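Only one structure is covered here, and it is reproduced in the block below.
Protein chains: 2
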Amino acid sequence: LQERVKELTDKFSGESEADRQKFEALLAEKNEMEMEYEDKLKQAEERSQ
Amino acid sequence: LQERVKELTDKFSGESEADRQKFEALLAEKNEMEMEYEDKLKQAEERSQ
Numbered sequence: 684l685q686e687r688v689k690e691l692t693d694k695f696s697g698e699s700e701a702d703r704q705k706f707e708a709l710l711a712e713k714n715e716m717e718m719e720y721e722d723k724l725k726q727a728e729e730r731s732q
Numbered sequence: 684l685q686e687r688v689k690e691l692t693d694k695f696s697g698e699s700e701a702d703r704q705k706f707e708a709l710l711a712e713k714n715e716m717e718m719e720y721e722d723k724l725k726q727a728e729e730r731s732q
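Chains Cq and Cp, in that order, give the protein sequences. Residue numbers in the first sequence follow the entry's author numbering, run continuously in steps of one, and reach 732 at the last position. Residue numbers in the second sequence follow the entry's author numbering, run continuously in steps of one, and reach 732 at the last position.
Here is the structure:
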């Protein structure tokens, strides 16, 4: 009986941690491409002037 | 035996499920500002010409 507590706690928490890592990677991906666009706006403006 | 199993399974899996909606919202947020930045680049070049 007591083993059932350990089995469900570890794997589902890992599932929560695994889904958290994707969220962190997506946040890094979103932030990385955000500044990439910001570079594009200024480069076009500088060439325009 | 069953009481704990259903208790831990439901609450711990919900934490993993809760990280998916945040991931989906982050993905939707990431896609949305990408279109805005593309519009910004499109409008920045139009005035340049």
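Backbone N, C-alpha and C define an ideal beta-carbon position, used for all residues, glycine too.
Minimum Cβ-Cβ distance from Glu728 (chain Cp) to chain Cq less than 8 Å:
yes
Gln685 (chain Cp) (DSSP reduced to helix, strand or coil)
helix
Got a sec: is the Cβ-Cβ distance from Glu698 (chain Cq) to anything in chain Cp below 8 Å?
yes
Under the three-state DSSP convention, the category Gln726 (chain Cp) falls into
helix
For the putative contact between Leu710 (chain Cq) and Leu709 (chain Cp), defined by C-beta atoms under 8 Å, what is the C-beta separation to the nearest angstrom?
6 Å
Please report the straight-line C-alpha distance between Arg687 (chain Cp) and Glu698 (chain Cp), rounded to a whole angstrom.
17 Å
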